[PDB]
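# Topology and contacts: notes
Each chain is listed here by its residues.
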Amino acid sequence: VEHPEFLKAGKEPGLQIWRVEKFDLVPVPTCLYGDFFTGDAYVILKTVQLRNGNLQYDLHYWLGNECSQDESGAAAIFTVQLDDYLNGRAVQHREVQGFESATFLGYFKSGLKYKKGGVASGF
Amino acid sequence: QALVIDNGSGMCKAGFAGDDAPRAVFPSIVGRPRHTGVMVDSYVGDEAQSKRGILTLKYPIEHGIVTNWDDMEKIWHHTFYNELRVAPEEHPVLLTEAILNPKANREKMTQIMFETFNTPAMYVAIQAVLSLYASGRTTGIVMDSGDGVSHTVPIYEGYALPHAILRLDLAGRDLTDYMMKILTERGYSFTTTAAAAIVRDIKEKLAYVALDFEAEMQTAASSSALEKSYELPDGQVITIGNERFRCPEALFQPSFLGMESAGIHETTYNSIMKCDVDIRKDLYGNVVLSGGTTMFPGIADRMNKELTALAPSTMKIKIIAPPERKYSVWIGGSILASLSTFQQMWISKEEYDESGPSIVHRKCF
Ligand SMILES: Nc1ncnc2c1ncn2[C@@H]1O[C@H](COP(=O)(O)OP(=O)(O)OP(=O)(O)O)[C@@H](O)[C@H]1O
Ligand SMILES: [Ca+2]
Ligand SMILES: [Ca+2]
Ligand SMILES: [Mg+2]
């Protein structure tokens with residue numbers, strides 16, 4: 001995958017977030033990290049550096065209550081593709097609005113927020 | 001503009017990547033003259049079935065596997081030209097395959113698309129994995145039940161676990177046969193050419209899976225409250241009673257069909273149990289049902305109940321059975337073939353000319 005966003009992924013410790021927008025993976029502006037459209041699906045990559053300083057990858061796809069099937073489906077498939085791209089080293093996690101893992105909720109230092117709406121289905 | 005084709009044993013589903021449903025669904029049937037040369041070649045789909053009186057009818061896909069390549073080409077030709085109405089040389093084509101599709105078959109399918117159809121690009125995807133994706137998951141167990149065979153396919157992080165796949169040799173065709181039989185014994189007689197179609201429709205319109213089978217058998221013996229009327233093509237109305245839920249019961253009790261095999265609940269359990277202990281919680285929590293033969297009302301509640309009984313009392317069990325789950329495979333393909341990363345997934349004509357059909361084992365898995 002020559003997907004320009006894949007080239008940018010998992011370089012240094014931290015957090016990257018993309019939104020599924022009409023069958024593509026579009027980066028979220030860093031200033032909007034943590035405000036999730038409940039009508040959308042998102043791909044989140046958490047790069048941690050251990051004490052020996054080896055890279056560690058957790059890959060979360062987050063499904064809004066009102067995301068359409070193409071959006072949730074694309075987020076699943078993009079997750080797999082990104083994982084293959086990262087040589088199988090990312091642990092994959094399905095995160096559903098209202099039921100996120102504590103780990104995922106931990107990523108967001110002022111608490112994640114939900115908001116209605118978003119980008120329309122690509123179907 | 002990519003095309004998606006899901007070649008079922010019974011029904012072929014075809015359409016345009018980006019659509020949320022197949023544009024064409026037709027019987028996977030090729031019809032040829034019995035007596036060559038005496039009356040004014042071949043027919044596919046509903047037409048084969050209409051003219052079946054004067055045709056030898058063949059089904060090129062058995063258990064998901066192609067058993068006849070000349071007939072398969074007729075199906076695809078009819079798909080491109082009569083159903084979708086496209087020039088196939090202008091469209092990347094995504095095709096589906098069964099679990100354990102033989103190596104030679106995947107090669108032949110690739111060769112046909114490039115050499116006979118001149119497709120510019122193609123990709124082969126596994127059906128169960130497409131159903132999982134359509135449900136917005138990368139890990140889960142797919143119970144796929146269509147025409148001739150049901151399969152339980154554990155999938156972890158985007159890929160099937162081949163060692164844990166099991167199969168029950170009972171699906172929709174068996175359930176139609178069995179609805180005929182039990183309705184015949186009730187006193188009815190299905191004698192016309194449209195016998196199979198009538199009983200099939202009774203099955204699709206009125207069968208349901210009972211949560212508690214003996215409670216339901218009792219309810220039906222002592223009351224008329226479960227009974228339904230069904231109008232035949234000729235206008236005669238017949239009554240359907242316990243056949244409604246006894247018919248799909250055979251999925252859970254294959255002995256009804258004189259079979260040794262374990263039911264679908266147990267096949268599913270057994271598949272989960274063939275998998276690394278660490279992932280089983282994620283299989284039980286994501287049991288995805290797909291195919292026509294999973295369309296019975298009640299089937300998800302019944303699966304939940306049966307798996308609850310088999311799994312440790314603290315297992316979270318979740319059954320995922322959305323209303324469109326008949327075309328889940330197709331819809332997963334529509335999504336996949338629409339992705340911006342799919343142009344880099346497919347075998348191009350250029351790659352095929354360079355590598356020939358064996359490219360399929362390196363590009364598609
Ligand atoms: N609403 C329904 N209730 C029960 N059964 C149904 C319903 N709709 C369709 N079926 C049955 O589904 C069966 C075929 O479904 P499906 O199209 O999923 O199989 P297929 O894709 O052709 O087969 P396979 O995947 O096995 O090669 C038929 O036996 C049909 O009667
Ligand atoms: Ca949306
Ligand atoms: Ca991984
Ligand atoms: Mg099928």
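Cut-offs applied
Residues numbered from 1 in each chain as written, not as in the entry; some residues may be left out. Chains lettered and ligands numbered in written order. Heavy atoms only, no water. Residues with missing side-chain atoms left out of burial classes, pairs and counts. Helix = DSSP H or I, 4+ residues; strand = E, 2+ residues; numbered from the N terminus. Rg over C-alpha atoms; globule rule 2.2 N^0.38 Å. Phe/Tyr/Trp six-rings, centres within 6.5 Å; stacked < 30°, edge-to-face > 60°. Buried < 20%, exposed > 50% of the residue type's maximum accessible area, 1.4 Å probe, protein only. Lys NZ or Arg CZ within 6 Å of the ring centre and 35° of its normal. Donors = N, O, S within 2.8 Å, 3.2 Å for Na, K, Ca; no water. Patch = residues over 30% accessible without salt bridge, like charges linked within 9 Å, V, L, I, M, F, W, Y side chains within 5 Å. Areas by Shrake-Rupley, 256 points an atom, 1.4 Å probe, with all protein chains shown as cover. Salt bridge = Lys/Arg side-chain N within 4 Å of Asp/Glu carboxyl O. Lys, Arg positive; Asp, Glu negative; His and termini not counted. Charge placed at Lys NZ, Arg CZ, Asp CG, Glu CD. Pairing = 2+ DSSP bridges. Axes fitted to C-alpha atoms, helices over the stretch in contact; angles between N-to-C directions. Domains from an automatic or database assignment. Contact = heavy atoms within 4.5 Å. Buried area = accessible area lost by both parts, 1.4 Å probe. Core = buried A, V, L, I, M, F, W, Y, C linked by side-chain atoms within 4.5 Å. Parallel < 35°, antiparallel > 145°, perpendicular 65-115°, else oblique. Nonpolar A, V, L, I, M, F, W, Y, C, P; charged D, E, K, R; others polar. Near = heavy atom within 4 Å. Polar contact = N/O pair within 3.5 Å; in protein donor to acceptor, adjacent residues only side chain to side chain. Left-handed = near helix turned anticlockwise from the far one by under 90°.

## Re the overall build of chain B
Counting secondary structure elements, chain B contains 14 helices and 19 strands. Taking 365 residues into account, the globule formula puts the C-alpha radius of gyration at 21 Å, and chain B, at 21 Å, falls close to it.

## Some points on the packing of aromatic side chains
Scanning the entire structure with this criterion turns up 19 aromatic pairs over all chains. Residues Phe23 of chain A and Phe123 of chain A carry aromatic rings whose centres are separated by 6.1 Å and whose planes lie at 70° to one another, so their mutual orientation is edge-to-face. On the criterion of sequence distance, the pair formed by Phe23 of chain A in the loop between β1 (14-21) and β2 (24-27) and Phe123 of chain A in the segment after β7 (113-115) is long-range, its members being 100 residues apart. With a centroid separation of 6.1 Å and 40° between ring planes, the pair formed by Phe36 of chain A and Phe104 of chain A is classed as tilted. Of this pair, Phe36 of chain A sits in strand β3 (residues 35-37) while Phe104 of chain A sits in helix α3 (residues 102-106), and the two are 68 residues apart along the sequence. Judged by its relative accessible area of 1%, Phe36 of chain A falls in the buried class. One aromatic cluster is present, built from ring pairs that chain together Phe36, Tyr42, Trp62, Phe104, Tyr107, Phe108 and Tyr114 of chain A. It is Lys115 of chain A that lies over the ring of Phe37 of chain A; its NZ or CZ is 4.2 Å from the centre. The residue whose ring lies beneath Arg173 of chain B is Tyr59 of chain B, and the NZ or CZ to ring-centre distance is 5.9 Å.

## Re the coordination of the calcium ion (ligand 3)
Those donors, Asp83 of chain A (OD), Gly88 of chain A (O), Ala90 of chain A (O) and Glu157 of chain B (OE), are the protein atoms that reach the calcium ion (ligand 3), and they lie 2.4 to 3.0 Å from it. Overall, the relative accessible area of 3% leaves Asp83 of chain A in the buried class. A relative accessible area of 3% places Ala90 of chain A in the buried class.

## Let's talk about a positive patch on the surface
A contiguous patch of positive charge, built from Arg94 of chain A together with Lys281, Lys316 and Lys318 of chain B, is present on the exposed surface. Mapped onto the fold, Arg94 of chain A is located in strand β6 (residues 90-96). The partly exposed category is assigned to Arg94 of chain A, whose relative accessible area is 32%.

## Things to note about the sheet that holds β2 of chain A
Residues and elements named next belong to chain A. One open sheet holds the five strands; their spatial order is β2-β1-β4-β5-β6, and the pairing between them is mixed. Of all the strands in the sheet, just β2 and β6 have a single pairing partner and so form its edges. Adjacent strand axes in the sheet meet at a mean angle of 25°, parallel and antiparallel pairs treated alike. Strand direction decides the pairing type here: strand β4 (residues 41-49) and strand β5 (residues 55-63), joined by nine bridges, are antiparallel. The residue bridging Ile44 from the neighbouring strand is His60, located in β5.

## Brief notes about the domain arrangement of chain B
Residue and element names in this part refer to chain B. Domains assigned within chain B are domain 1 (1-127 + 329-363), domain 2 (128-169 + 262-328) and domain 3 (170-261). Its C-alpha centre places domain 1 at a distance of 26 Å from the equivalent point of domain 2. Between domain 1 and domain 2, the residue contacts involve 20 residues of the former and 16 residues of the latter. Around 1,400 Å² of area is buried between domain 1 and domain 2 when both sides are counted, 72% of it from carbon and sulfur atoms. Together, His63, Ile99 and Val329 form the three largest contributors to the area buried by domain 1 at its contact with domain 2, with a combined 37%. In this structure, the connection of domain 1 to domain 2 is made through zero salt bridges.

## Some remarks on the nonpolar core
Among the nonpolar cores identified, the biggest contains 81 residues, and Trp76, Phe80, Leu94 and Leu336 of chain B are the most heavily contacted of them. Top element by residues in this core is helix α2 (residues 69-85) of chain A. It accounts for seven residues. Contact partners of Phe80 of chain B, with chain neighbours within four places excluded, come to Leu3, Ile5, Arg85, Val86, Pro88, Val93, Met113 and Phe117 of chain B. Counting residues in each nonpolar core, the second largest holds 42 residues, with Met143, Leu175, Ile238 and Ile240 of chain B among its members.

## Considering the packing of helix α4 (residues 127-134) of chain B against helix α12 (residues 328-338) of chain B
Working note: a packed helix pair is described by the angle between its axes plus the distance between those axes. Residues and elements named next belong to chain B. Closest axis-to-axis distance for the α4/α12 pair is 7 Å, and the angle between their directions is 75°. Between α4 and α12, the angle is such that the two are roughly perpendicular. Contacts between α4 and α12 involve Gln127, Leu130, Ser131 and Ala134 from the first element and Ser328, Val329, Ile331, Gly332, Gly333, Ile335 and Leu336 from the second. In the contact of α4 with α12, the residues fall into six nonpolar, five polar and no charged.

## Quick look at the site of ligand 1
Residues and elements named next belong to chain B. With respect to spatial proximity, 20 residues lie near ligand 1, and among them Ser9, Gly10, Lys13, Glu204 and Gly292 are the closest. For ligand 1, an oxygen atom lies 2.8 Å from a polar atom in the side chain of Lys13. In the complex, the protein chains occlude 88% of the 660 Å² of accessible area that ligand 1 would expose alone. Elements with a contribution of two residues or more to the shell around ligand 1: β2 (11-16), α5 (172-186) and α6 (195-206). Of the residues that constitute the shell around ligand 1, the class distribution is three nonpolar, 10 polar and seven charged.

## Brief notes about the sheet that holds strand β1 (residues 3-7) of chain B
To summarise the sheet geometry, strands pair through backbone hydrogen bonds and adopt either a parallel or an antiparallel arrangement. Residue and element names in this part refer to chain B. The six strands lie next to each other as β3-β2-β1-β9-β10-β19, forming an open sheet whose pairing is mixed. Single-partner strands in this sheet number two, and they are β3 (24-27) and β19 (347-348). Here β1 pairs with β2 via five bridges, running antiparallel. If you follow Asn7 over to β2, its bridge partner there is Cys12. Seen against the sheet, helix α2 (residues 69-84) touches β1, β2, β3 and β9 (93-97) and runs at an angle of roughly 140° to β1. Most of the contacts of α4 go to strand β10 (residues 121-126), to which it runs at about 85°, and overall it touches β1, β9 and β10.

## Some details on the packing of helix α8 (residues 243-252) of chain B against helix α11 (residues 299-310) of chain B
All names here are of chain B. Running from N to C, α8 and α11 point in directions that differ by 40°, and their axes come no closer than 12 Å. Looking at the two axes, α8 sits oblique to α11. Handedness of the α8/α11 crossing: right-handed. Along the contact surface, α8 presents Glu249, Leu251 and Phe252, while α11 presents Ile299, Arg302, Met303 and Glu306.

## Here's the deal with the interface of chain A and chain B
Between chain A and chain B, the residue contacts involve 25 residues of the former and 23 residues of the latter. Summing the contributions of chain A and of chain B, the shared interface buries around 2,000 Å²; its carbon and sulfur component is 59%. Summed over the shared surface of chain A and chain B, the result is zero salt bridges. In this structure, the connection of chain A to chain B is made through 11 residue pairs in polar contact. Those elements giving two or more residues to the side of chain A that touches chain B turn out to be β5, α2 and β6 of chain A. With 12 residues, α2 of chain A is the single largest residue contributor to the side of chain A that touches chain B. Looking at the side of chain A that touches chain B residue by residue, the class counts come to 12 nonpolar, seven polar and six charged.

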